[PDB]
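Protein chains in written order, with the deposited numbering: chain F, 202 to 271, 302 to 329; chain A, 63 to 232; chain D, 19 to 353; chain E, 1 to 354; chain B, 7 to 321; chain C, 9 to 335.
The C-beta atom is built at its ideal place from N, Cα and C for all residues, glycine as well.
Please read the structure below before turning to the comments.
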DNA sequence: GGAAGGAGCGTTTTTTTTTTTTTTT
Ligand SMILES: Nc1ncnc2c1ncn2[C@@H]1O[C@H](COP(=O)(O)OP(=O)(O)OP(O)(O)=S)[C@@H](O)[C@H]1O
Ligand SMILES: Nc1ncnc2c1ncn2[C@@H]1O[C@H](COP(=O)(O)OP(=O)(O)OP(O)(O)=S)[C@@H](O)[C@H]1O
Ligand SMILES: Nc1ncnc2c1ncn2[C@@H]1O[C@H](COP(=O)(O)OP(=O)(O)OP(O)(O)=S)[C@@H](O)[C@H]1O
Ligand SMILES: Nc1ncnc2c1ncn2[C@@H]1O[C@H](COP(=O)(O)OP(=O)(O)OP(O)(O)=S)[C@@H](O)[C@H]1O
Ligand SMILES: Nc1nc2c(ncn2[C@@H]2O[C@H](COP(=O)(O)OP(=O)(O)O)[C@@H](O)[C@H]2O)c(=O)[nH]1
Ligand SMILES: [Mg+2]
Ligand SMILES: [Mg+2]
Ligand SMILES: [Mg+2]
Ligand SMILES: [Mg+2]
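Now the structure itself:
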């Protein structure tokens with residue numbers, strides 16, 4: 202298990218918000234975790250190569266949308312997440328993040 | 063936790079479960095192989111699973127290697143006498159700067175140096191992936207090159223092959 | 019005129035339109051009215067050699083689309099093409115999924131141009147069972163834009179699911195009763211002068227195959243033209259060309275069989291095989307001679323019918339003609 | 001020099017000396033070769049079928065059809081098993097024997113022949129205006145030995161590209177030819193020469209070679225020993241003439257193929273002894289015969305008729321022998337390894353005799 | 007939603023597995039002791055091999071199950087590279103476990119493993135046996151190469167008896183509160199042919215269709231095993247009886263000719279009553295009919311002729 | 009669009025209510041979906057009995073009109089090797105539903121064409137992801153399915169279509185078209201169908217074509233036989249009577265005349281004669297043995313071609329010799 | 001001076017289509 206953490210600065214991570222699954226109410230202290238197969242997640246690498254900005258949006262139904270902006304070429308990638316996270320993976324993720 | 067076949071493994075050549083005549087033949091052949099100019103360079107043991115091929119080879123090496131190794135001229139890796147009587151090829155080893163098919167080729171290229179004050183018995187039990195056609199062809203080439211080598215000095219090379227049928231697979 | 023005379027008569031007189039197809043009206047009517055209904059189903063043509071299956075499908079395709087549109091709406095594959103499972107799963111499927119090409123104004127004006135393509139699998143009985151299985155859902159799914167036509171001589175070689183999917187058309191054998199008009203027309207076109215009943219004899223010899231009959235007529239016409247005597251072709255010449263054994267030789271064989279002496283039969287058969295007669299023709303002639311004879315009893319006829327069937331089945335397996343013929347004659351002599 | 005089989009081979013239809021009716025039919029075919037159909041010549045081996053085909057081609061094109069050369073064509077299977085085929089060619093025709101490819105013969109039909117059929121042969125006209133077109137002639141030797149798949153592949157190639165190609169197939173028996181292929185062909189029966197015509201040809205060869213012949217009867221005997229195979233007749237005539245200082249006599253032995261003598265010895269052994277050990281020795285002889293690439297079905301024919309030639313055997317024995325021969329011939333046709341069926345035949349004969 | 011009963015009622019402890027009482031008891035002894043050796047578990051489908059191995063691993067490893075078990079089956083990559091890297095790294099891992107406890111590598115459907123991977127497994131077993139133990143699960147123990155078998159204890163699971171199947175069915179019925187009759191449970195057990203998975207599936211199907219598990223209701227959905235019908239057809243003393251069975255019970259029920267002939271061969275192989283000559287002749291006739299069917303002539307007439315020949319031989 | 013389709017496809021059932029003949033299976037599956045407890049399914053049966061139609065209709069009912077978004081359908085026309093099972097099927101079965109619409113459905117049509125290795129790999133995919141996904145396997149030949157796969161599926165047998173269901177579907181088609189079918193024609197169609205709806209629909213379409221004016225012309229048994237080129241029952245009866253009573257010459261002439269009248273093929277005559285003789289009351293059983301063996305041999309020989317006249321004479325002789333036992 | 005037990009012998013190896021693994025890429 203390895204981790205890549207994005208800095209909490211307004212230069213790489215412009216903004217982050219957690220909406221409690223309704224897009225409206227902001228909740229602090231709640232962690233949203235999305236589990237994906239790298240075979241599908243890695244398909245956005247080439248789109249990110251030319252990307253200027255990337256907007257991630259995850260819903261409660263297990264759908265992740267990535268909007269990539271490079302007058303210009305615009306890309307939208309939608310992927311489904313896995314059904315559930317195994318106990319070992321959940322424990323390792325919690326240990327890594329805490 | 064200990065398995066009995068490991069806990070009660072033979073501690074000497076006499077305790078090895080092997081027919082006397084076969085043991086005598088193997089011992090004579092191996093002893094001849096250790097002589098300065100030995101006619102035979104490779105000893106190929108074949109048989110079914112668990113018939114004491116590797117065990118008898120190791121027990122015999124424990125006696126033969128000390129008796130035929132030249133005393134080091136005050137040179138050795140570590141303080142200990144480097145009890146490495148048997149050098150075995152490891153088929154699952156993967157290194158960064160070597161293609162898989164060449165791994166065995168590298169091993170032999172080192173094994174040739176284990177003579178005289180560095181004498182050691184070369185044992186091949188875990189073979190390379192001979193089910194791959196190219197790997198098998200390269201293995202055969204290397205064996206032939208060892209057999210036809212012009213090197214004046216080489217260490218004894220023992221190949222233990224356990225014969226078994228391959229069940230039909232989908 | 020030389021260019022028109024560059025083709026054997028079978029290719030020269032291949033039907034151009036569905037009207038030219040003879041003796042197969044039971045299916046030709048359905049195919050013809052499909053031109054107006056535009057409701058063509060998947061088809062399975064099956065029948066013995068030289069009955070007009072390939073000609074019928076080619077005429078239908080020509081009538082439906084026309085010389086130009088056809089090239090974009092037809093995919094033809096036969097035994098001369100590789101037709102493995104991968105081919106069925108890639109090339110046939112891709113063609114079946116292809117969008118229907120846009121017809122030109124001329125095509126629409128002149129031809130019905132139904133909104134689907136056609137995949138013809140000639141000699142379909144040569145395809146493997148797995149390759150055939152790969153066609154099932156391809157035919158079912160893309161039936162809106164694609165229709166399949168399978169053609170074969172041995173229907174049992176088509177797997178049951180495909181036979182169920184396809185509407186079946188049996189092509190009947192062409193004999194002296196239903197195909198005589200076409201052969202007479204061909205003879206009149208080529209100015210072949212033959213004695214009365216010659217065309218009947220050709221059609222009876224051909225045994226359901228009009229292609230063989232047309233080839234025989236061409237050979238007889240060539241012989242007559244080379245002779246250049248101006249005389250009518252005779253049935254004896256036709257029988258000689260067809261390889262039919264002369265009646266006197268058959269009578270000699272029958273007398274030898276009646277005698278029953280093994281050595282004499284062996285000697286006569288050894289001398290008879292010198293001439294190179296085909297054992298199949300001899301067996302057919304012996305069946306005709308014995309089954310229709312009124313001088314033998316019922317048990318004899320039953321036994322000889324089974325013997326003849328066994329010998330013919332063995333010959334169909336590409337067996338060795340001398341041995342089979344001698345065995346058959348020895349068995350008959352023992353009846 | 002060349003063997004007498006090829007040295008005195010006729011090179012035109014007018015040079016044919018036996019089966020006059022066949023020559024007349026071939027000449028009638030050559031009258032207007034513009035619409036020549038596909039041909040299938042069938043008859044006993046060594047009678048002159050290939051010679052007649054070459055004479056027909058010479059009549060259509062000219063003597064240049066005899067200026068033959070050889071090329072090697074490479075094919076690759078789906079398993080990457082590279083292999084080669086010999087293609088004989090004259091400026092007007094091609095000759096192939098796909099059966100030499102075994103089960104791969106179909107590939108030859110699917111790749112080579114089709115391509116030849118697809119490439120339309122055109123040439124600049126020497127005097128007239130525009131290109132001139134001419135169909136290609138292709139000879140398929142040993143047609144009866146083709147697999148059913150190759151025969152099926154031949155069908156639409158023969159039909160569709162009839163303008164560019166005309167096939168002339170040659171076989172010794174039509175039993176293995178599938179019905180569609182026969183339907184697509186003009187069948188030509190080629191009878192074997194009679195003993196008198198074989199003797200006449202041999203006498204002409206003898207006179208040309210200046211070999212002293214005591215009596216013509218010898219030639220007749222040679223004919224009777226060839227069983228109508230003219231090629232074999234000429235080969236034995238040459239062998240006997242060379243072995244007797246170019247002087248044949250009534251006492252001069254007739255030289256037969258060695259495997260034929262071996263089969264005769266095997267027949268005598270089978271007749272004399274019928275036991276398990278005899279069967280094992282018969283197996284040894286059969287394997288020796290097979291090691292020389294003698295076809296299994298040919299061995300079965302020759303053994304069967306050699307056995308039927310035995311004088312001591314009675315009618316029941318011969319009837320049983322021919323029954324077993326037919327059964328095991330079918331088994332060989334439908335089988336994979338011929339040794340099983342040859343052994344079964346010999347064992348059944350031993351049982352019936354004993 | 008609601009899980010199918012086959013997965014809903016999968017035993018979670020070794021004490022809930024029925025049948026093979028001796029083997030299950032030995033597994034319980036191993037679980038309580040700890041000294042688990044390399045083992046191979048062989049048997050027919052749906053008798054509890056996978057459940058037994060999973061339950062034993064859980065009981066042995068307790069909370070350490072997540073970090074102490076490596077499970078791989080035919081649905082995962084299991085080539086030689088996997089043995090070289092993943093299994094090797096797992097076996098090299100140093101995990102602190104209670105005394106007598108080792109890491110477990112579960113190789114379900116081990117029979118399908120490739121020859122190269124199996125040969126590679128020898129060295130890892132030799133090197134890491136002090137900390138890792140291997141549990142193979144398969145249907146044919148002979149499909150594991152002999153050098154691997156030489157290191158493992160063999161355990162063959164037998165077919166479940168009607169008593170064990172009935173006991174488990176009664177437990178499931180009590181949990182689900184299902185209405186039934188003795189004849190219905192008898193029919194379910196008879197149609198299961200010793201497969202507990204099939205018994206549970208058929209019980210669930212019958213309950214969903216009608217709720218009350220009777221004989222008639224069970225037989226409306228479930229069909230009697232066609233091997234028994236084929237055996238009855240083959241053993242009929244009259245040609246007409248065999249033909250009638252073939253027509254009514256097999257042909258008109260939609261059974262394909264190929265299935266009928268394959269089942270006939272399988273059944274004839276196990277006919278204890280018949281003599282050897284008759285048996286081998288019947289096998290020959292079945293093979294000839296199978297050859298005819300494979301060529302495309304899969305007609306009822308061919309099967310009737312096969313039956314006629316078999317009857318002729320019986321006389 | 010649907011008007012241009014072949015009838016076998018134009019009349020494909022859309023809802024489960026349109027599937028006839030399989031009352032038990034339809035009842036059970038409908039109740040399962042009503043309770044939402046669908047297990048892994050196996051549909052085993054002969055061609056053209058409604059398996060694919062039933063599974064598609066069930067998917068439509070479960071997911072409404074948007075079933076194509078959460079159903080993964082694969083058939084023999086698609087490659088389904090072990091790699092496909094490991095990657096595509098595995099990823100589909102291991103991912104969430106589009107809108108949390110319960111479980112996902114994977115249809116493996118014609119699964120008897122899948123390799124043993126792929127079927128073996130399917131076992132644990134089916135088992136582990138049962139909570140989120142359900143599998144449906146359709147087949148005509150069970151011997152091609154591994155025992156492990158068969159153990160995992162709830163089995164449903166599609167019987168050959170009964171006469172009543174075929175009659176109801178024929179009535180529906182006749183109403184949809186402007187067609188008139190006679191009772192004798194319906195009986196002939198049912199007899200020749202052998203429980204396959206596809207054959208019924210194809211023959212009906214061909215019969216509609218045969219009619220000169222379908223708006224007013226009625227289909228009779230003669231039209232059915234003309235379209236199928238099949239023998240009439242009277243022809244079979246006459247041939248059998250001549251074989252069993254007339255002498256060899258008369259029987260040969262009768263067979264030749266009957267065949268030449270409408271160009272009948274020998275195989276269909278043999279099949280009809282076998283149907284007739286199956287109901288014959290024979291006092292000697294050896295007669296049945298001879299009949300069955302000889303006629304099966306003749307059918308096998310015909311399957312490879314051969315000489316037609318010799319085969320017909322063989323049929324005559326075989327029947328005569330077999331019935332000499334009853335003497 | 002009877003077996004009882006044991007070892008050694010009795011051997012060589014492409015091919016149709018189709019699917020799959022492995023290694024280098
Ligand atoms: N008296 C003994 N004699 C031989 N091996 C013994 C003995 N006692 C315990 N063992 C163990 O049994 C095993 C013997 O098997 P092996 O020597 O490996 O036979 P093998 O011929 O090399 O078969 P493979 O190729 O390893 S499966 C060794 O692990 C030994 O430690
Ligand atoms: N019904 C027919 N009407 C007119 N000519 C026919 C007919 N059938 C065959 N022929 C003639 O014989 C030739 C071959 O006809 P085909 O349509 O190729 O027969 P076929 O049934 O396709 O033969 P197979 O099955 O490939 S052996 C045609 O070019 C025609 O000259
Ligand atoms: N002995 C058993 N006791 C209770 N339930 C069983 C038993 N055997 C099978 N089952 C039931 O059927 C389901 C499958 O059991 P499994 O252990 O997977 O059978 P299996 O022998 O491993 O089948 P294979 O070899 O993987 S096809 C379990 O979840 C149980 O619900
Ligand atoms: N029970 C049925 N009710 C109504 N029509 C049916 C029925 N079964 C088959 N058909 C008709 O025949 C056509 C084919 O039905 P299918 O469901 O595809 O048969 P099938 O059992 O799946 O055939 P196989 O096993 O794939 S060859 C349908 O479009 C329907 O028009
Ligand atoms: N003088 C003469 N020789 C012939 C004649 N026909 C064939 N031959 C010769 O006899 C041999 C016949 O063998 P071949 O042509 O291969 O016949 P095939 O095997 O049936 O094709 C050849 O060497 C010919 O040269 C003929 O009509 N006259
Ligand atoms: Mg060892
Ligand atoms: Mg054709
Ligand atoms: Mg399991
Ligand atoms: Mg279907």
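Interface flag for residue 123 of chain C against chain A is set, since a Cβ pair is found closer than 8 Å. Distance check between residue 232 of chain D and each of D/29, D/23, D/19 places D/29 closest, using alpha-carbon atoms only. Contact note: residue 86 of chain B reaches chain A through 191, using a C-beta cutoff of 7 Å and chain order. The beta carbon of residue 138 of chain C does not come within 8 Å of any beta carbon belonging to chain F, so the residue lies off that interface.
Straight across, the Cα-Cα distance linking residue 30 of chain B with residue 131 of chain C is about 24 Å.
Bounds of the beta strand (DSSP E) holding residue 132 of chain E are 131-133.
Put simply, of D/32, D/90, D/102 the residue whose alpha carbon is nearest the alpha carbon of residue 73 of chain D is D/32. Within the region 18-103 of chain B, the complete alpha helix (DSSP H) runs of at least 4 residues fall at 27-39, 55-67, 71-74, 94-98. In this structure, residue 248 of chain E sits away from residue 201 of chain E, with a CB-CB distance that is not shorter than 8 Å.
Within the region 193-255 of chain E, the alpha helix (DSSP H) runs of at least 4 residues that lie entirely inside it are, in chain order, 195-209, 217-226, 230-243.
Residue 213 of chain C counts as buried, since no fewer than 16 other beta carbons sit within 10 angstroms of its beta carbon. Distances from the alpha-carbon of residue 233 of chain B to those of B/199, B/222, B/213, B/215 put B/199 closest. Chain C places no beta carbon closer than 8 Å to that of residue 60 of chain B, leaving this residue out of the contacts. Straight through space, the alpha carbons of residue 272 of chain B and residue 251 of chain B are spaced by roughly 18 Å. Judged by DSSP secondary structure, residue 224 of chain A falls within the beta strand (DSSP E) whose first and last residues are 219-224.
Residue range 93-96 is occupied by the beta strand (DSSP E) that includes residue 93 of chain E. Of all residues in the region 161-175 of chain D, the ones placed with a Cβ closer than 7 Å to any Cβ belonging to chain B are 174, 175, in chain order. DSSP lists E/42 as the beta-bridge partner residues of residue 171 of chain E.
In this structure, residue 97 of chain C sits away from residue 70 of chain C, with a CB-CB distance that is not shorter than 8 Å.
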